[PDB]
Amino acid sequence: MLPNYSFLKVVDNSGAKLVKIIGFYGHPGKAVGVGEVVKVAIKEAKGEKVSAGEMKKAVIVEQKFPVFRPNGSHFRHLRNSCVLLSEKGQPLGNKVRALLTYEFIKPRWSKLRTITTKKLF
Amino acid sequence: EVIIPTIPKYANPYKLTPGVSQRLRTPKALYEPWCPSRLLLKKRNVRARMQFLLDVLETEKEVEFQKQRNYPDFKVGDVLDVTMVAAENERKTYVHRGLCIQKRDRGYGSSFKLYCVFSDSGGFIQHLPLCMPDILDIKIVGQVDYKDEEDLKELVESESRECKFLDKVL
Amino acid sequence: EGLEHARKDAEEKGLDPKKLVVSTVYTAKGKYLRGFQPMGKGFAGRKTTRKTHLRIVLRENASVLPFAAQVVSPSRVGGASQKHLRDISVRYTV
Amino acid sequence: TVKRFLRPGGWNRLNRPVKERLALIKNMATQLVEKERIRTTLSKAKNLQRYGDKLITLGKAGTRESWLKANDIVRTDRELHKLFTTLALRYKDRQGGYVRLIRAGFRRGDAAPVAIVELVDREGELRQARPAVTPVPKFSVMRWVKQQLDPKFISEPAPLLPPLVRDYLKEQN
Amino acid sequence: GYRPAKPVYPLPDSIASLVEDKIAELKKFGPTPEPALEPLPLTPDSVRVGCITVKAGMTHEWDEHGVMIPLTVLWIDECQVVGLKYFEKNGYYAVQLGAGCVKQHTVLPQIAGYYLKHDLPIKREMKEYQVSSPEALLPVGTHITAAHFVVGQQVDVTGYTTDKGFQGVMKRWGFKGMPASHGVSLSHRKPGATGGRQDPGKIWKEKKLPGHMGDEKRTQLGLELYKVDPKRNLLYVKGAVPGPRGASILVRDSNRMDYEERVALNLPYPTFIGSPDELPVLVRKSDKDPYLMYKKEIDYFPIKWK
RNA sequence: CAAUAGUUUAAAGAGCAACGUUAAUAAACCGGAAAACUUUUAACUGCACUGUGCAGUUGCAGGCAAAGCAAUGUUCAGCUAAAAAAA
Ligand SMILES: [K+]
Ligand SMILES: [K+]
Ligand SMILES: [K+]
Ligand SMILES: [Mg+2]
Ligand SMILES: [Mg+2]
Ligand SMILES: [Mg+2]
Ligand SMILES: [Mg+2]
Ligand SMILES: [Mg+2]
Ligand SMILES: [Mg+2]
């Protein structure tokens, strides 16, 4: 549950460190969670691939708010993080330092499921 | 020209307790909450009987669960190994190791929280119903000392010396 | 007090107290004690104590309303209360 | 019965803050023990009746833990001594209901309701209370039912020293 | 309330006799019908009778797929047919059902008189269900039990909601209010404007304002019947049901179901004939996969790549 | 309001709440008057009652117990005490 204009930490190796959400897609409601794609503005980057002031797409990977499962359980992280994506829908990096959860077992996240180090499933 | 009505019979001759499902140390009740109001020796409120009806149903489900599973009596501060099934991933089995930070004893709605830390990703918390069928086994493997709730909360916020196993097994 | 005083007056005149009916009652203005109380920003108000007269007339066999009140006994305290002699063995039977 | 509220404990607010509320109830409880009969408003009487019953329970306990709790409630040493010695032996067999409340109309000035709170077994009692232990007829359904449900039913007052303690003393001496 | 009574006048002697003869003729009725309890075919337009139940509370359970299901428990104490209506006397056909039990000395003589006259217990609640044909009438005294329903169907529930008391616009109607700071003065939770000026010059009817909230009749449609316990007269329904514990709830076959669905369920009609004591506890089976979205793309995704 | 999150120390498996759960895309749903019908010796307070009484005398959210704590058990408190003998 992240409202618009929230700050996120980048967990890929594309060079970006800090981003801010500036828009949503479709009709997700007043907040977005893990598995949704948003539009972000880069605030702090140290690299040649990306620079501060650009606008990119990203996917939410971790959040501090409870994530509920059909069996009645839920889990929580201690940070909010995302991964930058290209216009074709592929990551801009090749190494993700995050814990992948059940949301990414879906077929559309094959590339993330390959470059991620630790997986919960 | 006279029609005699039918008098119901007594289910348990010379037994004063119907034998409803209750915990061992609770004094036995003298009536069944689902019995019609007309056939009761004591006319107790429907509202109070409905509360007692739910308690009987809860105990019936708990008895069946205990016949299916046998878990240890763990406490807060113990390190546990929990075997679970991931319905999302084609019902595959995994084993999780973590610290128990909260335990609620509320009958059939009992639950607990499991805490663990990873090498780089940080802390991770799970809330697990105790009677959920997805859980297959629970075992105690160790203990972590703490002074009070404030000390335990500080430990959780500052991830440290909680990396028992770096990843999940199976 | 007025009701009792009027009945005593009726008996002296030779009327039966068991047939008396309240036939007329009204009030009348008395002499008032005037005063003043201050208000905010220098304004002032009135502070009056009022007084009234009461008149009651009782007559025999006058038209009366049918209202009647039920009467019950008060709480029984002392040797006249015998709730402690109840036998509670009967309620265990069918 | 005494109404239950939504605050911690379900007690009355007595139109006071919690600190002043506890100071008032402790003082009145001390006076009830000393005099055994008090006349006050209905709200203070209802709260005092429920509080008074729980104070007698501590006296019946007769333990070091119970005395410590009571020592913070009672205001006078003489009243505290009476609670554990005299009242403890008085209500050995009575299971609850050590205080009664009877309404007594309205006051004169503010027309507030009033009541009388009194102990339920003593000389000078307003009424005669039922015996602490109810006698059971020898040929009643009640006797048979109690045997089937509670074999340890008490039918007559028990002595201060039970037979087991008496037997032990006799063997010792 | 009612309007003041209208004046009445005696009839002329040349017309009084005629009026009385005609009025009596219209008020003369034939013998009461005698319904027979027998299974009947179900037709495209045929409504069944409902039942009166008591709300017990909420619990939860896990299904065959391991999913947690919230449940509401409804208890049927004693429901019987206590009267009939037919066209000759009332103009339409209906069945009257009663439930509960009360003591004779706690009700008005008018209420107790009806039940005593037919040798029935004094019942706390009474409700009417309209039927389609005279053959749908049930004999007086017939019991309506938990076997009246088929596990896995949909039902409708009606009742009175929980009383909340006198509540304001923010809680009663969800008004936004006014800011907490920036110069606001004693109007944080007030409704604001209630009209305009000289035109229209008044306040419209049913304008939303503070008032009492919480005791009103509401109906929930399309709830699922999860489990049935005929022996103990219990119904387990998924979802929320209006009213607090002990509220009286009316249960009916949902109008959201089509004729084909009712035929497939093979609902009892006019009602279940037999002894419900020797019946087992049944749980509905769902032939669906709650985790299908993890194997196939069925979820909502607004972005089209490339 | 079963579960999850927040909130009260004369505390809690309380109560109220949404950030939580269920349902709806309709001749469905809701409100008051009233014909007709039925019943009656034509009916009419009250459980501390400014939450609710779906509780009126083996009635009860008091007290008391080894008890899940507005539930189970119960001899006490208050409102409202009961019976022909014998055959
Ligand atoms: K106590
Ligand atoms: K309008
Ligand atoms: K509900
Ligand atoms: Mg001045
Ligand atoms: Mg606001
Ligand atoms: Mg100003
Ligand atoms: Mg202000
Ligand atoms: Mg509630
Ligand atoms: Mg209590």
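Per the deposited record, cryo-EM is how this structure was determined, to a resolution of 3.2 Å.

Looking up chain E in the PDB entry gives the name uL3m, with the organism given as Polytomella magna.

Naming follows the PDB entry, where chain D appears as bL17m of Polytomella magna.

**Considering the overall build of chain E**
Looking only at helices and strands, chain E features 5 helices and 12 strands. In terms of overall size, chain E is more extended than a compact globule, its C-alpha atoms giving a radius of gyration of 27 Å where 306 residues would be expected to give roughly 19 Å. Dimensions of chain E along its principal axes, counting C-alpha atoms only, are 90 × 65 × 45 Å. A burial count over chain E gives 34% of its 306 residues as buried. Look at the contacts in chain E between residues 6 or more apart in sequence, and 74% of them connect residues 24 or more apart. Surface accessibility of chain E: about 20,100 Å² in total, with carbon and sulfur atoms responsible for 55%.

**Describing the overall build of chain D**
Helix and strand counts for chain D stand at 6 helices and 3 strands. Starting at the N terminus, the α and β elements of chain D follow one another as α-β-α-α-α-β-β-α-α. Its C-alpha atoms give chain D a radius of gyration of 20 Å, clearly above 16 Å, the size a compact globule of 173 residues would have. For chain D, the proportion of its 173 residues judged to be buried stands at 34%. For chain D, long-range pairs separated by at least 24 residues make up 56% of all intrachain contacts whose partners lie at least 6 apart in sequence. With an accessible surface of roughly 11,800 Å², chain D has 53% of that area assigned to carbon and sulfur atoms. Charge-centre separation for chain D: the mean point of 37 positive side chains lies 8 Å from the mean point of 18 negative side chains.

**Comments concerning the interface of chain E and chain B**
Residue-level contacts link 25 residues of chain E with 25 residues of chain B. Carbon and sulfur atoms supply 69% of the area buried between chain E and chain B, which totals about 2,100 Å² over both sides. The three residues of chain E that bury the most area against chain B are E:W62, E:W75 and E:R232, which together make up 31% of that side's buried surface. Our enumeration of links across chain E and chain B arrives at 2 salt bridges. In this structure, E:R232 engages B:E60 in a salt bridge whose closest nitrogen and oxygen atoms are separated by 3.2 Å. Across the chain E-chain B interface, the total number found is 5 residue pairs in polar contact.

**A word on a nonpolar patch on the surface**
All names here are of chain D. Together, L89, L160, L161, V165, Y168 and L169 give the surface a local cluster of nonpolar side chains, amounting to about 610 Å² of exposed area. It is helix α6 (residues 163-172) that provides the largest number of residues to the nonpolar patch, a total of 3 residues. With relative accessibility at 63%, the residue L160 sits in the exposed group.

**Examining the interface of chain B and chain A**
It is common to give the size of an interface as the accessible area that goes away when the parts come together. With 25 residues of chain B at the interface, the matching set in chain A holds 22 residues. Across the interface of chain B and chain A, roughly 1,900 Å² is buried in total on both sides, 58% from carbon and sulfur atoms. Per-residue buried area on chain B facing chain A is highest for B:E88, B:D120 and B:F124; these three make up 28% of the total on that side. At the surface where chain B touches chain A, the tally comes to 2 salt bridges.

**Re a negative patch on the surface**
Residues and elements named next belong to chain B. A contiguous patch of negative charge on the surface is contributed by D148, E150, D151, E154, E157 and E159. Relative to the helices and strands, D151 resides in helix α2 (residues 149-157). Judged by relative accessible area, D151 falls into the partly exposed class, the value being 36%.

**Focus: the protein's contact with RNA strand F**
Inspection of the region around RNA strand F gives 108 residues, with D:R50, D:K146, E:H60, E:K103 and E:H105 positioned closest. The protein-proximal atoms of RNA strand F, defined as those within 4 Å of the protein, are 68% sugar or phosphate. One of the side-chain nitrogen or oxygen atoms of B:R47 is found 2.9 Å away from a phosphate oxygen of RNA strand F. Take C:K83: an N or O atom from its side chain is 3.0 Å from a phosphate oxygen of RNA strand F.

**Considerations on the environment of D:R90**
All names here are of chain D. Structurally, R90 can be placed in helix α4 (residues 77-90). As for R90 and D121, which are separated by 31 residues in sequence, their C-alpha atoms are 7.9 Å apart. In this structure, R90 is in contact with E36, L119, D121 and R122, ignoring residues within four places of it in sequence.

**What about the sheet that holds strand β4 (residues 94-99) of chain E?**
Residues and elements named next belong to chain E. Pairing within the open sheet is antiparallel, and its 3 strands lie in the order β3-β4-β5. Pairing within the sheet leaves two strands with one partner each, and these edge strands are β3 (79-85) and β5 (125-130). Strand-to-strand twist of the sheet, defined as the mean angle between neighbouring strand axes without regard to direction, takes the value 30 degrees. Across 6 bridges, the pairing between β4 and β5 is antiparallel. Within the sheet, the bridge partner assigned to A99 lies in β5 and is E125.

**What to know about unusual backbone geometry**
All names here are of chain E. In this chain, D199 is followed by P200 through a cis amide linkage whose omega measures 0 degrees. You can see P200 is positioned in the loop between α4 (169-172) and β8 (211-213). In this structure, the amide linkage connecting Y269 to the following residue, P270, adopts the cis form with an omega of 0 degrees. Within the secondary structure layout, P270 lies in the loop between α5 (259-265) and β12 (282-283). Notably, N233 is not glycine yet its phi reads approximately 55 degrees, a positive angle.

**Quick notes on the pairing of strand β11 (residues 248-253) of chain E**
All names here are of chain E. Judged by which residues are buried, β11 turns out to be one-sided: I249, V251 and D253 face inward and are buried, whereas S248, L250 and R252, on the alternate face, are not. Alignment of strand β1 (residues 51-62) against β11, held across 4 bridges, turns out to be antiparallel. Pairing of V54 across the sheet is with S248, part of β11. When strand β6 (residues 154-160) meets β11, the two strands line up antiparallel, connected through 4 bridges. When the bridges of β11 are listed, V157 appears paired with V251.

**Re the side chain of B:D134**
With respect to the secondary-structure elements, B:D134 resides in the loop between β4 (123-129) and β5 (135-143). Lacking a salt bridge, the buried B:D134 has B:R91 as its closest oppositely charged neighbour, with an N-O distance of 5.3 Å. Among the polar contacts listed, one links the side chain of B:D134 to the side chain of A:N71, at a separation of 3.2 Å. With residues near it in sequence (within four places) discarded, B:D134 still touches A:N71, B:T83, B:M84, B:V85 and E:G66.

**Things to note about the pattern of salt bridges**
Residue and element names in this part refer to chain D. Summed over the entire model, instances satisfying the criterion amount to 44 salt bridges over all chains. The closest approach of N and O atoms between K82 and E36, which form a salt bridge, is 3.4 Å. Remark: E36 occurs in the loop between α1 (18-35) and β1 (37-41) and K82 occurs in helix α4; sequence separation between them is 46 residues. On the basis of relative accessible area, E36 is assigned to the buried category, the value being 11%. Here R122 makes a salt bridge to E118, at a shortest N to O gap of 2.7 Å. By relative accessible area, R122 is classed as buried at 18%.

Conventions and cut-offs
- Residues numbered from 1 in each chain as written, not as in the entry; some residues may be left out.
- Chains lettered and ligands numbered in written order.
- Part of a larger assembly, values for the part shown.
- Heavy atoms only, no water.
- Helix = DSSP H or I, 4+ residues; strand = E, 2+ residues; numbered from the N terminus.
- Rg over C-alpha atoms; globule rule 2.2 N^0.38 Å.
- Buried < 20%, exposed > 50% of the residue type's maximum accessible area, 1.4 Å probe, protein only.
- Contact = heavy atoms within 4.5 Å.
- Areas by Shrake-Rupley, 256 points an atom, 1.4 Å probe, with all protein chains shown as cover.
- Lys, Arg positive; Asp, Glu negative; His and termini not counted.
- Charge placed at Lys NZ, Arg CZ, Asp CG, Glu CD.
- Buried area = accessible area lost by both parts, 1.4 Å probe.
- Salt bridge = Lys/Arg side-chain N within 4 Å of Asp/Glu carboxyl O.
- Polar contact = N/O pair within 3.5 Å; in protein donor to acceptor, adjacent residues only side chain to side chain.
- Patch = residues over 30% accessible without salt bridge, like charges linked within 9 Å, V, L, I, M, F, W, Y side chains within 5 Å.
- Near = heavy atom within 4 Å.
- Pairing = 2+ DSSP bridges.
- Axes fitted to C-alpha atoms, helices over the stretch in contact; angles between N-to-C directions.

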